[PDB]
Structure formats: C-alpha cells, structure tokens
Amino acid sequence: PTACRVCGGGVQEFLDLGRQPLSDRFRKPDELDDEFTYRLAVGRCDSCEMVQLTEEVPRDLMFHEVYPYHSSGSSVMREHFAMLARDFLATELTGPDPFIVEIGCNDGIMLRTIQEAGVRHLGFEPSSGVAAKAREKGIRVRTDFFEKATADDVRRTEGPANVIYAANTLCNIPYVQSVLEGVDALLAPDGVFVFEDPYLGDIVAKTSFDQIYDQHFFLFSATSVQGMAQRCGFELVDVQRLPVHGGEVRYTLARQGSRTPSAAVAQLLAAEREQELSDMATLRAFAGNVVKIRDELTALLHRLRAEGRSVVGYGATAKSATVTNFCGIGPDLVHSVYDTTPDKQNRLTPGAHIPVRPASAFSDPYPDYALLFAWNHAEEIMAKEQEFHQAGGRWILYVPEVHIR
C-alpha cells in the first residue's frame, strides 16, 4: 500500500479515478498523441486522518517554465487576494521592517499589494513563466520550490519571516514535512504560517470530485491539519471558511502554545466530528456519489447529442481533466472549450483532446449548452456571458448534482 506523507501511517483507498494525464498540459493539435499518465486515486491515513492521493506525480513534471495557470485571470480572486494582503498589512506586518514570504506566488496576485505597500517580501514560484509575470510588477521572486533547504537559505540571507502564506499551493506538495521544517527554520518565533486550500468538507458536501487531480495531493480538513501541525511542532490557531474555489478553509498555524486558538478552531473540529467527515464510510459514500454524477452526466451529454443539441465547455480548468478522463467525455460530446488563458488557447485539453478556443469566440451564434467546468467561477463568468443566456443558451453544471439552468 501507501505510506501517509504526514505521519507514515497506512493509507486506505476510497476512490479510484483511473488513469489520468497531467491536468495542465495543453498540447498543440499536431503534437504526438502520447501523454504522461498516472493512476489518480484517493485514500485516508489510518493514524492522522489525512486524505491524500496514492500516487505522487513528480513536482518537475507539473511545475516548470510553461506551467500555464495564471491566477490573475479572475477578478474575484484578484480582489480576494488584495483584501487578504491588506488584512496582513494591518495585523501581522505592522512591525518595523516586517517580512512576508509567499509559497506559490504565481503571477503576483497577492504580493503586488505587499510590494505597493513597500514591505519586504519574497515569492517562491518554481514555474518560471508565471514568476516572470510577478517580477514584471516589481515583486521579488525566487524561481525555486519552497522546501527545507531553500527556506534555510532565505533565513540565512533575509532573517525571519513574520508571515509565511500559501494559497492553493500547500495541498499540492506531498513533501509537506519538508515544507514544515522550512517554515520552522524561517518563521519568526511569533509569526504565523497561513494557508488556504480546497476543503474536504465542501468536497464531500458538493461531490466536487474535480477538485482531485495531479496538483491536489491533499484534501485538508481542520482535523487533519490540526494533527499535521501538532506533529511538526505547530498548532492550529485559527480557521476561516472561504467561498472561493468551490469552498476552502484558511488555516493559521503558529508555534505551539504561542497563541491561543480561536473558538473557530474547536467549533469546526466539533462539526467535522459530528458530521463524521473523515470517517471511511462517509468518504466511501462520497465515492459512490462521484460515480452517480459520472453516470448522469454522460447520460445527459449523450441524450443532448441524440437530440441534435450543440454542447461546448467553458473554462479549461485543470479540474476538468479529471471530469473528461474519468467520464470519457471528448470532442464528440463537447466540441470546444472556451478559455481566457492565451497559453491554453489553440491547444487540446489533456487526455480528452477537446480543442480550447479563446472565450472571445463564445459569441453569437451561441451553442445550445455550455458545460461549466469553471463552476467555481460561475458568478464572474455568467456576468460576462449574459447575452448567451439571454439568447436561450443554457449551462450544464455537475456540482453539486447534474442540472441545467
């Protein structure tokens, strides 16, 4: 079997999503039809309750020079991060000469606000293309993975960080123990390590299995994060639920006993226990619901084809690779996917090879239906696409259930 990456306990599988391609590899249509594949399956550790994948994709296959995800492509997320950065400037970064390190800064969506406040900072961004976009904004970026050794190097040259922050990144990192030792080396004795990532609670409640793909190794909960912190010398001292990305929790870790946990921590712990969130039977029931969504979504897509209705997709999310490859959905059922990311445009989606076209191409004459892969961006997207729905075009969603509206 698989050893738990947090505690070395045994991992029990509950969901097997089969062979999957790299989720963010978009091929030109002339490229050879070969792709790396791996088995995507999810289990839960016996000892610490951490839900995690059973096969790791090597980091350098996922994060490198042409990694295509551009965080700044969403107006809602640009606002969400600017606000988080102001909240840190008002609270944890008030000292003389404060220092904030962000793990996974991407194109600088968060750090831009810190730089504009004149505060010392450093972004770690091992994907050099998006790192260069952050540096264009005047952000200080290191094109390296955060891990024990690179944290030590930053401590040596830059001194302690008052805040270490990671969004939608820590759950990507199976070497979380090395990151934690990095945090231990680098964080001020009275600092915080704050991270926010897709929440197990939301994934189980919404059956949002597309949150499981190569780059999302862990599905954190308050229960497993508390365990992970404790084992590494930290303590879970705050939690905040966030609506972004289909539902997240922002976890705040401090050195143990240095701050008193908020009431929020015990409250969420108790709700997770009450709701049996991480019980193997709950997680197996989620896995049964995942198969039901597969079966209903393919039946719908096939019925639409039989009735001569046109179907496209909207948003070439990484998540969508799980949906198209587990469900067997290709360009015979969903003809194109529309997306705002130039480096995904005029390419094929991974595994399923549906052509991706610029969102500006989604215009009159509209298709009958758009399968909404960027369902976590529904409000922002539908506000930009009122004319489609006014014209009679309808959305197909598969979270939390297959439905059309």
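When you see a residue number, it is the position in the sequence shown, counting from 1.
In this crystal structure, the stretch out of 202 to 210 and 276 to 284 whose C-alpha atoms carry the higher mean B factor is 276 to 284.
For the pair 112 to 120 and 308 to 316, the mean Cα B-factor is higher in 112 to 120.
Sorting 170, 154, 105, 327 by the CA temperature factor given in the entry leaves 154 at the top. Sorting 96, 126, 182, 246 by the CA temperature factor given in the entry leaves 96 at the top. Residue 10 sits in the highest third of its chain by CA B factor, as recorded in the PDB entry.
For residue 36, the recorded CA B-factor ranks within the highest third of the chain. Only modelled residues enter the ranking. Per the deposited record, the Cα B-factor of residue 46 falls in the highest third when ranked against the other modelled residues of its chain. The PDB entry assigns residue 377 a C-alpha temperature factor belonging to the middle third of its chain's modelled residues. Ranked against the other modelled residues of its chain, the C-alpha B-factor of residue 224 as given in the entry falls in the lowest third.
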